[PDB]
Colleague: 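Structure provided below as C-alpha cells; questions to follow.
Positions are given from 1, in the same order as the sequence printed here. We use all heavy atoms of the structure for the numbers below, so side chains are in, but hydrogens, waters and symmetry mates are not. Atoms within a ligand are numbered from 1 in the order they appear, just like the ligands themselves.
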Amino acid sequence: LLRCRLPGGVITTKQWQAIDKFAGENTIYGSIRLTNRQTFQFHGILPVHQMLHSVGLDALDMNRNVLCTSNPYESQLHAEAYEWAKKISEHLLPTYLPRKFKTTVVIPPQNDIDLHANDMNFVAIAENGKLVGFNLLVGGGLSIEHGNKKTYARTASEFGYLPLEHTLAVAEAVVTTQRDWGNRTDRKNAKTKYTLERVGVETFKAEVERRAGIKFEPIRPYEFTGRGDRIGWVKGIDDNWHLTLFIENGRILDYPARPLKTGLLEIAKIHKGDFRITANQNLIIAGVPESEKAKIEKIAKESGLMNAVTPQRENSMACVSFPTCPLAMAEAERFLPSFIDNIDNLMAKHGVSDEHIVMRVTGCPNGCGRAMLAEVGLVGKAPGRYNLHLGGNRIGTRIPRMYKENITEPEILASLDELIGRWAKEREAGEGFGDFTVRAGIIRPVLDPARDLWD
Ligand code: SRM
Ligand code: SF4
Ligand SMILES: O=N[O-]
Ligand code: NA
C-alpha cells in the first residue's frame with residue numbers, strides 16, 4: 001500500500017513512466033490504481049521513496065491529497081486553482097490532527113472532487129477569468145459505523161468568502177481550531193464534522209476569523225452542475241486539447257486485448273504536457289496540441305482506453321475493498337463491472353440507456369467509494385450484502401438515507417428495476433433519479449445529517 005502526495009492529480013509524463021515501471025516489476029498485482037482522491041496506489045509492494053523522490057514525488061501526517069477540479073469548462077482557470085491546491089498542500093505539511101484531514105479547491109460549476117466528503121473546501125471565485133478569492137466550506141465527512149447512530153455522514157458548511165491573499169492563514173486556522181477542539185477521548189468523534197456539530201458553525205467560524213486575522217465576507221454566488229469527468233476531447237486554451245480516458249475502477253493493467261497499461265506508457269512517451277488523475281478515477285491526457293490529437297487518439301483507441309461505455313458506467317464508482325483492503329466487508333471494485341452490466345440492462349429495459357444515476361459502492365462504512373453522496377449508494381455490510389441508500393442528487397449536496405438493509409445483489413437489482421422503472425416513466429424533464437425518489441416519496445430526504453440521517 002503506497003500512495004503519493006499529488007495535489008490536483010497532476011503528474012508528469014516523466015513521473016508516469018517511473019510509476020509504470022515500478023508497478024510492473026515491484027508489486028504483486030503489477031497495476032497502477034488511480035484513486036478517487038486524484039492520486040495513485042500500488043498493491044502488494046514487495047526504497048519506493050527514492051524512486052518517487054527521484055522524479056520529484058513523495059509519499060505523505062493526518063493530511064490527505066488536496067484535490068483540484070481537473071478539467072474546468074473555463075480552461076484557463078485550472079492553472080491558478082491548481083497553483084493554490086499545490087500551495088495549500090505544502091503549507092499544510094508538518095501539528096497533529098485528532099483524525100485525518102481532507103481538503104480541496106473546487107472550480108464551479110464542477111463538483112467532480114465531491115467537496116461534501118471533505119473537511120476543508122476552497123470554492124474558487126473568478127472575475128474576468130482571474131481568480132479573486134474563495135468561498136470556504138468546512139465539515140464534510142462520510143464515514144459511519146454500522147448501527148452506531150452516534151456516527152453520521154455530513155455535508156460541508158459555508159463559512160464565507162475570503163480574498164485570495166488570506167487563503168493560507170484561513171487554511172491554517174481551520175486546521176488548528178479543529179486540532180485544539182477535536183474530541184480528546186474518542187477517535188470516532190475526532191473528525192471536524194463532529195466538532196462543528198458540537199461547538200456550532202458560528203462558534204467554529206468566529207475562532208477561525210480570530211486566528212486567521214480576517215473577517216469572512218458574505219458567500220459569493222456559485223453553483224454546480226455535475227460531478228462527472230468530461231470523457232473524450234474537450235478544447236482547452238490556445239490550440240490545446242484535453243482527452244479524458246474512462247478507466248473502470250481506475251485499475252490500470254494490461255488485460256488481454258486491452259493493454260491499458262502499455263497504452264498509457266506509449267502515450268506518456270509522446271505526450272507534450274502531462275496527465276491529470278481525476279476524482280472519478282480517470283485520466284486526462286492534458287494539453288495536447290491540435291496537431292497531436294490524431295497520434296494520441298490512435299494509441300488510446302488501439303489500447304482499448306477509448307472503448308465506449310454507457311453514460312451509466314461513466315458515472316459509477318467503487319472503492320478498492322477486497323482483496324487488498326483489511327476493513328473490507330463486501331466486494332466493491334471487483335463487484336462493480338458485472339453489477340453495472342446489470343444496471344445497463346436495466347437502463348436499456350426502461351428506455352433510459354442514455355441517462356445516468358450517480359451510483360457508488362463502498363466496501364465498508366468507512367465510505368471510501370463515496371456512496372454517501374451518491375443518488376444510489378451501496379454500503380457493504382457483509383460478504384455479498386450491502387445497505388442500499390437512495391436520495392442523493394447529481395451534484396452531491398445531499399446524503400442518501402438508508403432504504404434497504406443487509407441485502408444481496410439479486411435483491412438490490414430487483415429494487416432498482418422497480419425504481420428505475422418508475423423514474424423512466426414518471427420523472428419530470430431533466431429530473432435526476434435521486435431527486436425523483438425524494439419527490440415521489442420513495443425515500444425521505446436527509447435534511448440535517450447529525451439529527452436525521454438515521455431512522
Ligand atoms: C483508494 C481509496 C478508495 C478508492 O477506490 O478510490 C481508499 C482506500 C482506503 N482507505 Fe479511504 N480510500 C479512498 C478515499 C476515501 C474517501 C473519499 C474521499 O476522500 O474523497 C473517504 C470518505 C470521506 C471521509 O474520509 O470522511 C475515505 C475514508 C476512509 C476511512 C474512514 C475515515 C473516518 O473518518 O472514519 C478509513 C479508515 C480510517 O482511516 O479510519 C480509510 C481507509 C482506507 C484504506 C487506506 C485502508 C486502511 O486503513 O488500511 C483503504 C486502502 C484500500 C487498499 O487496499 O488500497 N478511508 N477514503 C481512496 C484513496 C484516497 C487517497 O488516495 O487518499
Ligand atoms: S470503504 Fe472500506 S472496504 Fe472500501 S477501501 Fe475504504 S476501508 Fe476498504
Ligand atoms: O484513504 N482513505 O482516506
Ligand atoms: Na474510473
Side-chain angles (χ1 to χ4, degrees), residues 1-6 9 29 31 33-45 59-60 62-67 97-104 112-119 121 139-146 148 151-156 187-194 227-229 231 244-252 260 277-283 305 309 313-337 340 360-373 377-381 386 396:
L1 179 281
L2 184 70
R3 184 195 301 142
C4 222
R5 187 178 67 81
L6 197 62
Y29 294 90
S31 64
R33 173 60 154 64
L34 305 174
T35 77
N36 61 13
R37 277 202 82 74
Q38 306 182 324
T39 187
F40 60 90
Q41 291 189 162
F42 293 125
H43 283 115
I45 297 183
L60 284 160
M62 290 285 109
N63 239 257
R64 300 314 239 203
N65 203 42
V66 179
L67 316 188
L97 299 157
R99 213 74 174 71
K100 53 189 178 185
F101 211 82
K102 296 172 165 189
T103 307
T104 69
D112 57 328
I113 49 85
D114 242 334
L115 84 101
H116 293 288
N118 301 257
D119 295 281
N121 307 278
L142 303 185
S143 216
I144 61 168
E145 223 170 88
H146 283 314
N148 189 348
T151 67
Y152 47 75
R154 193 201 190 262
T155 47
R187 145 149 296 203
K188 317 173 167 187
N189 191 258
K191 194 71 170 165
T192 317
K193 57 177 166 176
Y194 293 127
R227 293 185 278 182
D229 288 341
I231 303 303
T244 300
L245 301 170
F246 165 76
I247 304 186
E248 202 173 22
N249 287 314
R251 186 72 65 172
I252 294 169
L260 309 183
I277 299 168
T278 83
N280 290 296
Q281 302 158 347
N282 289 313
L283 195 65
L305 287 158
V309 293
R313 194 164 310 250
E314 292 175 355
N315 293 94
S316 292
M317 185 171 73
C319 70
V320 173
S321 188
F322 297 120
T324 55
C325 191
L327 311 177
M329 301 176 148
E331 296 285 358
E333 158 160 351
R334 307 195 301 192
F335 159 81
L336 198 71
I340 297 306
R360 306 166 162 180
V361 180
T362 193
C364 86
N366 282 325
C368 306
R370 304 202 293 257
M372 291 302 283
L373 282 176
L378 264 61
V379 188
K381 202 180 157 61
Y386 306 81

Colleague: Counting non-hydrogen protein atoms only, what is the nearest one to atom 54 (O) of ligand 1? Give residue, atom name and distance.
Modeller: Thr324 OG1, 2.7 Å
Colleague: Under 3.5 Å, is there a donor on one side chain and an acceptor on the other for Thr278 and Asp229?
Modeller: yes
Colleague: Tell me: protein heavy atom nearest atom 7 (S) of ligand 2, and distance?
Modeller: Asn366 ND2, 3.3 Å
Colleague: Is any side-chain heavy atom of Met329 closer than 4.5 Å to a side-chain heavy atom of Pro365?
Modeller: yes
Colleague: Could you check atom 59 (C) of ligand 1 against the protein and tell me its nearest heavy-atom contact, residue, atom and distance included?
Modeller: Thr35 CB, 3.8 Å
Colleague: Are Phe335 and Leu378 packed together at the side-chain level, in the sense that at least one heavy-atom pair is separated by less than 4.5 angstrom?
Modeller: yes
Colleague: Among protein heavy atoms, which sits nearest to atom 39 (O) of ligand 1, and what does the distance come to when rounded to 0.1 Å?
Modeller: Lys100 NZ, 3.0 Å
Colleague: Looking only at side chains, do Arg3 and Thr39 share a donor and an acceptor under 3.5 Å apart?
Modeller: no
Colleague: Which atoms form the tightest heavy-atom contact between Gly396 and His116, and what is the distance?
Modeller: O-CD2, 3.1 Å
Colleague: Quick one: does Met317 get within less than 4.0 Å of ligand 1, heavy atoms only?
Modeller: no
Colleague: Examine distances only and state if a side-chain atom of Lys193 and a backbone atom of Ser143 form a donor-acceptor pair shorter than 3.5 Å.
Modeller: yes
Colleague: Suppose we measure from atom 26 (O) of ligand 1 to each protein heavy atom; which comes out shortest, and what is that distance?
Modeller: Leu142 N, 3.0 Å
Colleague: Starting from atom 50 (C) of ligand 1, which protein heavy atom do you reach first, and at what distance in Å?
Modeller: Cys325 SG, 4.1 Å
Colleague: If you measure every N/O of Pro326 against every N/O of ligand 1, is any gap under 3.5 Å?
Modeller: no
Colleague: Measure the shortest side-chain to side-chain distance between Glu248 and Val309 over non-hydrogen atoms and say whether it is less than 4.5 angstrom.
Modeller: no
Colleague: Which atoms of ligand 1 sit under 4.0 Å from any heavy atom of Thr39?
Modeller: 62 (O)
Colleague: Is it true that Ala332 lies under 4.0 Å from ligand 2, counting heavy atoms only?
Modeller: no
Colleague: Quick check against the 3.5 Å criterion: does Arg99 have a side-chain atom that pairs as donor or acceptor with the backbone of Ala190?
Modeller: no
Colleague: For ligand 1, which atoms, with element, lie under 4.0 Å from some heavy atom of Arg33?
Modeller: 4 (C), 5 (O), 6 (O)
Colleague: Please check: side-chain N/O of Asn148 versus main-chain N/O of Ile144, any donor-acceptor pairing under 3.5 Å?
Modeller: no
Colleague: Does the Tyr386 side chain pair with the main chain of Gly363, one donor and one acceptor, at a distance under 3.5 Å?
Modeller: no
Colleague: What protein heavy atom lies closest to atom 31 (C) of ligand 1? Include the residue and the distance to one decimal.
Modeller: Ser143 OG, 3.2 Å
Colleague: When only distance counts, is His43 in polar contact with ligand 1, meaning an N/O pair under 3.5 Å?
Modeller: yes
Colleague: Of all the non-hydrogen atoms in the protein, which one sits nearest to atom 8 (Fe) of ligand 2, and at what distance?
Modeller: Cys325 SG, 2.3 Å
Colleague: For ligand 2, which atoms, with element, lie under 4.0 Å from some heavy atom of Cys319?
Modeller: 1 (S), 4 (Fe), 5 (S)
Colleague: Between the main-chain N or O of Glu145 and the side-chain N or O of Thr151, is there a donor-acceptor pair closer than 3.5 Å?
Modeller: yes
Colleague: What atoms in ligand 1 come closer than 4.0 Å to a heavy atom of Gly141?
Modeller: 26 (O)
Colleague: So, 4.0 Å and heavy atoms of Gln38: is ligand 1 close enough to count as a contact?
Modeller: no
Colleague: Check for me whether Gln281 has a heavy atom closer than 4.0 Å to any atom of ligand 1.
Modeller: yes
Colleague: How about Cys364: does one of its N, O or S atoms come closer than 2.8 Å to atom 4 (Fe) of ligand 2?
Modeller: no
Colleague: Measuring from atom 16 (C) of ligand 1, which candidate in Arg37, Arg370, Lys102 has the nearest non-hydrogen atom?
Modeller: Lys102
Colleague: Minimum heavy-atom separation for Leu305 and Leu245, please, with both atom names.
Modeller: O-CD2, 3.7 Å
Colleague: Between the side chain of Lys102 and the main-chain N/O of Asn121, is any donor-acceptor distance below 3.5 Å?
Modeller: no
Colleague: Does the ring center of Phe42 lie less than 6.0 Å from the ring center of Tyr29?
Modeller: no
Colleague: To the nearest 0.1 Å, how far is atom 29 (C) of ligand 1 from its closest protein heavy atom, and which atom is that?
Modeller: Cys368 SG, 3.4 Å
Colleague: Please identify which atoms of ligand 2 are closer than 4.0 Å to at least one heavy atom of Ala328.
Modeller: 3 (S)
Colleague: Of all the atoms in ligand 1, which lie at a distance below 4.0 Å from a heavy atom belonging to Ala318?
Modeller: 5 (O)
Colleague: Report yes if some heavy atom in the side chain of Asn280 is under 4.5 Å from a heavy atom in the side chain of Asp112; otherwise report no.
Modeller: yes
Colleague: If we only consider heavy atoms of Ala279, is any one of them less than 4.0 Å away from an atom in ligand 1?
Modeller: no
Colleague: I'd like to know if the side chain of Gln281 reaches the main chain of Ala318, judged simply by a donor and an acceptor atom lying under 3.5 Å from each other, with no hydrogens or angles considered.
Modeller: yes
Colleague: With only distance considered, is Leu34 within less than 3.5 Å of ligand 1 through an N or O on each side?
Modeller: no
Colleague: What protein heavy atom lies closest to atom 6 (Fe) of ligand 2? Include the residue and the distance to one decimal.
Modeller: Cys368 SG, 2.3 Å
Colleague: Taking C-beta and beyond as the side chain, do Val320 and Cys368 meet within less than 4.5 Å on heavy atoms?
Modeller: no
Colleague: What about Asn65: any of its N or O atoms under 3.5 Å from an N or O on ligand 1?
Modeller: no
Colleague: For ligand 2, which atoms sit closer than 4.0 Å to a heavy atom of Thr362?
Modeller: 1 (S)
Colleague: Which residue and atom name correspond to the protein heavy atom nearest atom 40 (O) of ligand 1, and how close is it?
Modeller: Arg99 NH2, 2.8 Å
Colleague: Hey, is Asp114 one of the residues with a heavy atom under 4.0 angstrom from ligand 1?
Modeller: no
Colleague: So for ligand 1, is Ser321 a polar contact partner (N or O within less than 3.5 Å, distance only)?
Modeller: no
Colleague: Just to check, does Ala117 reach to within less than 4.0 Å of ligand 1 when the distance is taken from its heavy atoms?
Modeller: yes
Colleague: Could you check if a side-chain atom of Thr324 sits within less than 4.5 angstrom of a side-chain atom of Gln41, using non-hydrogen atoms only?
Modeller: no
